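Next up: just one chain, as structure tokens, the form deposited in one PDB entry.
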């Protein structure tokens, strides 16, 4: 099955046919991309807040308008899906979801309320695709640039009523019903340790410094619990490489930062009348990011290699958190840089899949976001910034949906794209929950 080799503009964009991305008819090549054979592996890549506009802005800046993401843009089967959440009290649609509800949706197959992790609107637990994978004998991986306790990674391993229940302290106070000392399954972190995925890599070391309030590991910090349970812990890139295997006897746990992992690019925050009162911006490397912090692609690399040892097959989720976070912060360089970061991850996934031949790879976002690409002389009410793109032309981005310190999600349907066995089930209009069922059937779970 072919990945889209090259869909950059094919010539002189000012000349007839110069901006075409197609070189000929696609029918045959699409037919060739459609298999219903069983998937042995799935790699699900999530870019948080990566709506169609975030992809465009990032392509525009880093690859040029007629450029082409070698990962993100290279998946043959594309569609649009809906990620609306629910009002907890009414059961009716809540048109703009948070990470919690949407991640719960694709990892569980049931809609839920903003803030909910692995539970429906009645607070009843539902099994996650990762838990099911592990039970079928599949190897499991969970990779994240956010705190590991954050909604998206957490949704695969924890069941709680609020996403705020990082550790024992927060749980006892906000999810009393989940608190270990109250007869519940426990905090997000405690539940993560129980879930015992083969590979788990992200930030969020801070919460492992808490002590459990009850259970076999009462009195001991969550970190020591992990150690007492046979987890290999690594804290940087070098130590990550030293790892040789990863399984139920020696699960891998990577903690690469206190909270969220550092972002790659630095640029000023967008600003009111920024495009007209402030110079065009060119992004730069983040000085606060040490080489020894692994990159999403580097984590994705190591996970694929460790997980693929498993003959039955593996399931892996790759989560680029800070597109969304930088979008919230109205920071275009931060936001574009993390989109570029995800694209590298996708490339590693795509080329593994391309050689193995029985791997379904999926790329999407949890929901849309604020950033808009607007005309250079725009006079907008929100925060704006002008950027010098690879094309040698300025692009203006606008963030205009919040007066407070944080720009807001949007509810627009958005792109989902796939390559490999069962990738068809992503085409046309679908819903976020269909995704859970697509993965379930592909791996032949249950």
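Positions refer to the first chain, counted from 1.
For the pair 91-99 and 195-203, the mean Cα B-factor is higher in 195-203. Looking at mean Cα B-factors across 289-297 and 331-339, the upper value is held by 289-297.
Highest CA B-factor among 394, 43, 58, 34, as stated in the entry: 34. Among 240, 365, 263, 374, the highest C-alpha B-factor recorded in the PDB entry belongs to 240.
Residue-level temperature factors show residue 9 in the middle third of its chain, judged at the C-alpha atom.
When the modelled residues of the chain are ordered by C-alpha B-factor, residue 438 sits in the middle third.
In the deposited entry, the Cα temperature factor of residue 150 places it in the middle third of its chain's modelled residues. Residue 390: CA B factor in the middle third of modelled residues in this chain (values from the PDB entry). When the modelled residues of the chain are ordered by C-alpha B-factor, residue 120 sits in the lowest third.
The protein also exists as the form deposited with a partner chain bound; that form is not presented, and the subsequent description refers to it.
For the candidate set 225, 172, 161, 347, a heavy atom within 4.5 Å of the partner chain in the entry with it bound is found for exactly one residue, namely 161. With a 4.5 Å cutoff on heavy atoms, residue 98 counts as touching the partner chain in the entry with it bound.
In the entry with it bound, residue 298 stays away from the partner chain, with no heavy atom inside 4.5 Å. Contact annotation for residue 325: at least one heavy atom lies within 4.5 Å of the partner chain in the entry with it bound.
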